[PDB]
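> Structure in structure tokens, see below.
Numbering (the entry's author numbering), first residue to last: 5 to 74, 78 to 213.
In structure tokens, the structure reads:
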């Protein structure tokens, strides 16, 4: 037995067919989620709000994932995450959907990045890593030999604001590259400490 749970932000709306066993926990999460959510505006042009039903559901996923601390809301997180995947990820990855919203729908870059963050954070938090091998067309072609891949890594002079790109990586993919960035920070600090004159070069620290 399952029943509808309607969540909307302005004209756009969505329905989760949650089971009756966790309907109460889902409903209270809905109530406090709507309380947290900012009020709708015409066109959804204001920042930090959804613009499409996909964006709204993904915001709810990210919010529930933040509230989850790896059992209280794990079942509802898994249920609504599966609903989101079934309705919007028709076998495709999150980034293809993100590009689709960016192109077809009136979605901004920050909203798309925040949707991606919410989905990935929910996926990792709900004991659902990406251990399953992906079926990307490019890598399938590589496996069958139809395409060849050469990685190229950039360097200096590409941009004057590379740190904003580091910041967007740490933000959007915090759960993924957080271990990498923490490891890099600690080893860089250790290298500065061990090096004789590194502190002099690093006036503002690292």
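Even for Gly, the Cβ is constructed at its ideal location relative to N, Cα and C.
(1) Given 8 Å as the limit, is there contact between the segment 117-129 and the segment 54-63, that is, 3 or more CB pairs closer than that?
(2) In this structure, how does DSSP classify residue 73 when only helix, strand and coil are distinguished?
(3) Give the C-beta separation of residue 20 and residue 58 to the nearest angstrom, bearing in mind that I take them to be a contact with Cβ-Cβ under 8 Å.
(4) Under three-state DSSP, which class holds residue 156?
(5) Just to confirm my understanding: we take residue 188, look at its own chain, exclude 5 residues before and 5 after, and list those with CB closer than 6 Å. What are they?
(6) Using the Cα positions of residue 85 and residue 138, report the straight-line distance between them to the nearest angstrom.
(7) Per DSSP, which one or two residues make a beta bridge with residue 18?
(8) Does the structure place the segment 80-94 close enough to the segment 24-44 that three or more beta carbon pairs sit under 8 Å?
(9) Taking its Cβ as the centre, do 16 or more other Cβ atoms sit within 10 Å of residue 88, making it buried, or is it exposed?
(10) What residue does the alpha helix (DSSP H) around residue 204 start on, and which one ends it?
(11) What are the complete alpha helix (DSSP H) segments, minimum 4 residues, inside the segment 23-62?
(12) Note down, in chain order, each residue of its chain lying with its Cβ closer than 6 Å to the Cβ of residue 205, except the 5 sequence neighbours on either side.
(13) Please report the straight-line C-alpha distance between residue 55 and residue 9, rounded to a whole angstrom.
(14) Roughly how many angstroms separate the alpha carbons of residue 164 and residue 134, rounded to a whole number?
(15) Residue range of the alpha helix (DSSP H) that residue 95 falls in?
(16) Would you list the one or two residues that DSSP bridges to residue 6?
Taking the geometry as given:
(1) yes
(2) The sequence position of residue 73 within the chain shown is 69, counting from 1. In the structure shown, residue 73 sits in coil (DSSP, three-state: anything other than H, G, I, E or B).
(3) The residue you call residue 20 lines up with position 16 of the chain shown. The residue you call residue 58 lines up with position 54 of the chain shown. Actually they are not in contact, since the Cβ atoms of residue 20 and residue 58 sit about 13 Å apart, beyond 8 Å.
(4) Looking up residue 156 in the chain shown gives position 149. Coil.
(5) Along the chain shown, one-based indexing puts residue 188 at 181. Hits under 6 Å: 177.
(6) Along the chain shown, one-based indexing puts residue 85 at 78. Along the chain shown, one-based indexing puts residue 138 at 131. Distance between the alpha carbons of residue 85 and residue 138: 17 Å.
(7) Within the chain shown, the letter at position 14 stands for residue 18. Per DSSP, 11.
(8) yes
(9) If you number the chain shown from 1, residue 88 lands on position 81. Buried.
(10) To locate residue 204, count along the chain shown from 1; it is residue 197. Counting along the chain, residue 204 falls outside any alpha helix (DSSP H), and DSSP gives it neither H nor E.
(11) 27-40
(12) One-based indexing of the chain shown puts residue 205 at position 198. Once the five neighbours on either side are set aside, the close Cβ partners of residue 205 are 199.
(13) As a working mapping, residue 55 is identified with position 51 in the chain shown. As a working mapping, residue 9 is identified with position 5 in the chain shown. Roughly 20 Å between the two C-alpha positions.
(14) Sequence index remark: in the chain shown, residue 164 carries index 157 (1-based). Sequence index remark: in the chain shown, residue 134 carries index 127 (1-based). Roughly 41 Å between the two C-alpha positions.
(15) By one-based count along the chain shown, residue 95 stands at place 88. Start and end: 81-95.
(16) Position 2 of the chain shown, counting from 1, holds the residue named residue 6. Answer by DSSP bridge pairing, in chain order: 23.
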